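What follows is one structure encoded as structure tokens, with my remarks underneath.
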Amino acid sequence: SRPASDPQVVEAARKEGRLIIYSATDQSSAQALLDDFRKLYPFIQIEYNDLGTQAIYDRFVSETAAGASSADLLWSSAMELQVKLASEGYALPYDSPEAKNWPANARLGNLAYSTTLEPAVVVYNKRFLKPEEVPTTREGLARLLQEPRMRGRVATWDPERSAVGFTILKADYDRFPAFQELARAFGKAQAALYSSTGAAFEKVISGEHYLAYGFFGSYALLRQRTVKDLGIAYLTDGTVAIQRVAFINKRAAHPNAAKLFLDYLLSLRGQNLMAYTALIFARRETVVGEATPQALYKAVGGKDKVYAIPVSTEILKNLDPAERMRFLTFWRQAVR
Ligand SMILES: [Mg+2]
């Protein structure tokens, strides 16, 4: 069907004719969304800048201060960075008509929106770890990582070099005491730390590592369609889900193109294309496909086992010096 964007916003977006996106969403996953939006609105030519979460922040802030040509729309899994920008005057306020049922903890009033509910999962190479061998608990994974065969065979986030690796491992540390025991097992097994999903996945695919902890269900699902040896396990003791935040650049050259794309992302049509075709874990619970809330809830044993990190100014507490220090000091000691 068609997103409910105001007719005058559609006309204004046609007058602009262009959309510059800075996004952390790997273009392999985002591409079907771009294709489908272009079908809907063929008079908009999309520039997709596939960038790291930190590079998106640094570049946008830098370009804004220079007064330069920057993005129309920012889309990133680094939830703290997005909520910081959107709460500091970088955001165009827009009441998306596709968000009327968005929970208040899934939006920053009209300044920024959740676009997904993406689980941090375990992926593994079935040539080296059989499904029956991969625990679904932090305590279980801590036990597996005592085995001599797992030494140098574990991949996870570097939370000091990836802003979303921070978001995910911070939420994990805050919510699950058993994360402490697991982090020490990352030490024991001499886990390697990566700043992107792609770099962790390529090591699991080659067998250089057997297991990767905390990377996006979305990317795991998509990579499985081409790599039959890739397995996915969901955490039954509790799953962290990020919500990819989209907001519009207050100083966008193409504010209405950005509005149409944000509406598209939040719409039934865009959320179903996420769930079904892009294999991005959708935010709306009324979707069909592999990458849905209902599939996530089923795999982990209930919606109550999922900690969805809120799209809230309260999460800026993770950028407080004292808060950052306690987590990174614990982490560094544990994993070296
Ligand atoms: Mg990416």
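For ligands, and for the atoms within them, numbers begin at 1 and follow the listed sequence. Hydrogens, waters and symmetry mates play no part in the numbers below; they use all other heavy atoms, side chains included. Here, residue 1 is the first one in the sequence, and each next residue gets the next number.
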Subject >> Same cluster (ILVMFWY, side-chain, under 4.5 Å), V287 and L273 >> reply: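 Per the 4.5 Å side-chain linkage, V287 and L273 are not co-clustered.
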Subject >> Same cluster (ILVMFWY, side-chain, under 4.5 Å), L111 and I309 >> reply: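 Yes, one cluster joins them.
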Original post:
Is any side-chain heavy atom of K188 closer than 4.5 Å to a side-chain heavy atom of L145?
Top reply: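 Side-chain contact under 4.5 Å: no.
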Original post:
How about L92 and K259: do any of their side-chain heavy atoms sit closer than 4.5 Å?
Top reply: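 Sidechains of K259 and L92: in contact.
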Original post:
So, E63 versus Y22: side-chain donor-acceptor pair below 3.5 Å or not?
Top reply: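 Their side chains do contain a donor-acceptor pair, which is all the 3.5 Å distance test asks for.
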Original post:
Which of these passes side chain to side chain donor-acceptor pair (under 3.5 Å) with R244: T116, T25, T115?
Top reply: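 Answer after filtering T116, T25, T115: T25.
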Subject >> If only protein N, O or S atoms under 2.8 Å count, total around the Mg ion (ligand 1) >> reply: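 That number is 2, waters not included.
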